[PDB]
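Single chain ahead, written as structure tokens, the form deposited without the named molecule.
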């Protein structure tokens, strides 16, 4: 469907990346990475506010939105290298990156693994550090967090919506123990459920353990930690990451020799840029103002 901004596409080589652009093209460039199942327009309201001071890019990752679906090719390194090419081909200037949930993991990915100087700093909006990994070095695994949702996506929707049993997913999700599962939406119609597979099966980040990535960040990192808790019935993690996982992540990025700003907001939803955009933008603008 159409949205608040016109959409553009760029050939990154393997894929075509769809994205939207806002703000004076001379202002400092900002790159927004949506969450899993989220398209670029997940940031729609935030872009308008950020466009007052920033040149904002919001992108569809591969397997999402209008960007190419790439069966068997979904990995953190392929996601991140797509963004490396986007920065080098479209933006052509240093960027401040803001990523939400899985996008926040990719924001840290770029801070550590981008090409030199591509980034001035990254905002990781409620990122599932460790919690999104099958075998994390610290704390809950994906199977004890969002995994239950990813499983239902894998089984009832299938790669490239090959199954497409929406009713079956809703039933299983309503009977789930995961409140995120209990939580076709437009953003889901544009979503390649093989995303969920690689996360559930542990292949998306097999060659990209978070401990090595976080210990190699090279830019200032603003880490916002939203709602989190423990489910009594299952013991599973609620929210993006646990307090322990945030602690270990911070000590890793601190050891990397960068400035780590930890902004805990335990009463915010995991998509603050959508639920409380003014608060999200103020948090981002204040931190992004002191970078370079």
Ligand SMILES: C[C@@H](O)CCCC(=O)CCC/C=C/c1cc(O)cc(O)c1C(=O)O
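Positions refer to the first chain, counted from 1.
Omitted here: the form solved in complex with the named molecule. The next part is about that form.
Contact check at 4.5 Å (heavy atoms) against the named molecule in the entry with it bound: none of 43, 121 and 224 pass. Residues within 4.5 angstroms of the named molecule in the entry with it bound, judged by any non-hydrogen atom, belong to 235-243 and to none of the other stretches in 235-243, 48-56, 258-266, 23-31. Residue contact with the named molecule in the entry with it bound: residue 219 places no heavy atom within 4.5 Å of it. Proximity of residue 109 to the named molecule in the entry with it bound: non-hydrogen atoms within 4.5 Å are absent; the residue sits far from the partner.
Using a 4.5 angstroms threshold between heavy atoms, residue 150 counts as touching the named molecule in the entry with it bound. Though the partner is left out of this view, residue 102 does reach within 4.5 Å of the named molecule in the entry with it bound, counting heavy atoms only. Of the listed positions (98, 214, 83, 146), a single one reaches within 4.5 angstroms of the named molecule by any non-hydrogen atom in the entry with it bound, namely 146. The single contact residue among 170, 206, 90, 180, judged by any heavy atom lying within 4.5 Å of the named molecule in the entry with it bound, is 180. Interface residues of 15-49, taken as those with a heavy atom within 4.5 Å of the named molecule in the entry with it bound (partner not displayed): 35, 36, 37, in sequence order.
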